[PDB]
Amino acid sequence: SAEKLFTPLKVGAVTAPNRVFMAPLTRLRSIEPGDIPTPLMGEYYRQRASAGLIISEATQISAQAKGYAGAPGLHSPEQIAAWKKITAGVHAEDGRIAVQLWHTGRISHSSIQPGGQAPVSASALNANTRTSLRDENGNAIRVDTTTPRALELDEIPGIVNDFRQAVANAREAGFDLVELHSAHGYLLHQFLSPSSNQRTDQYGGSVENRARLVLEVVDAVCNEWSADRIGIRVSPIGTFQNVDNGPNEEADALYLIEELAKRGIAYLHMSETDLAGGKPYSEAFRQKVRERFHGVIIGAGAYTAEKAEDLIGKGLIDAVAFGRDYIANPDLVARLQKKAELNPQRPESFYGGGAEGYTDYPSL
């Protein structure tokens, strides 16, 4: 039965019937060439339409944004047409779906970049990690990331415009909301972090400069559509894919959050930890965040229904986004409400492949 996890929540322009959200989850099952969403993906999302809100897998705002083979885009006519079918399917089941838009920046490989050139970033520093590509048989594989090229100052407006255009495409595609991916070490986060950003122009140095790009993007997308259609995901505390938030992470996080609140966007999505773990958020920090962002706050990262109820009851967050539990349980809402057991997870099929480990997790 719980208490408040199953009560409606107004999220910007839409109203969620419950606070159990589906976190954005990269599954790398899109069609190549074209990075096109598939009917299988449409079925996967439709099965999970009872979620208070479905946040889609990270989706490219442009071809340059691509960093993983199999990840979908929302920049081409064919992609837009495919996503329209997916959102329609979710809506046919009375659900709501937001598209998470990203630019992977340095977490990419030249072989999947337009023209086969080096990927771009805030500075020319290799991520020193791996990304996922596909072999000749279409199977997912890990490959060391390519050293990026630092974006030139005159190239920045183009990046902002790519986000703006992607949001315009999202609107036509039928998405209820958009979530800017400003977390986990991808492009926006590469600029926010002092460890990945060594620029000496107005986009590097101070936190004001480091947050400049993401805020210009927020302003651009709010103008393109509406602030109440814009959400943003950040992971400002801890280290993510070799991208740490710096020696003043808490302070820098609060600066950004305060700036975001000024735009009156639909929501602030906090990814609290890397899958590898991280220091838990202090109740004091949660309080500081709460008071600086007057909109919906979504908490995520190894959450349990119990933890969600606790923090929601304390008025520190408004909803919770579950990732892996949603991969394995299409009807997670019903299971949590009924206290039913959950299907076991099969990590080996999280990335790539087909229907197995994707649409074959049964509902009650």
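The first residue of the sequence shown is number 1, and the count goes up from there. Just so we're on the same page, rigid core means the largest C-alpha set that superposes within 1.5 Å between forms.
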*Following superposition on the rigid core, is the mean squared CA displacement, expressed as RMS, greater for 73-81 or for 273-281 in 7 other deposited structures of this protein?*
273-281
*Should the higher mean CA B-factor in the entry be assigned to 297-305 or to 319-327?*
297-305
_Please compare 287-295 with 144-152 and say which has the higher mean C-alpha temperature factor in the record._
287-295
_Maximum C-alpha temperature factor, selected from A88, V207, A266, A81_ = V207
*When the CA B-factors of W102, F175, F191, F240 are compared as recorded in the entry, which is the largest?*
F240
*Taking the values exactly as deposited, rank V11 by C-alpha B-factor within its chain and report the matching third: lowest, middle or highest.*
middle
*Split the chain's modelled residues into thirds by Cα B-factor; is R130 in the lowest, middle or highest one?*
highest
_Relative C-alpha B-factor of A71, binned into the chain's lowest, middle or highest third_ = lowest
*Where the record places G313 (Cα B-factor, split into thirds across the chain)*: highest
*asked:* Ranking every modelled residue in this chain by its Cα temperature factor as given in the entry, which third contains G158?
replied: middle
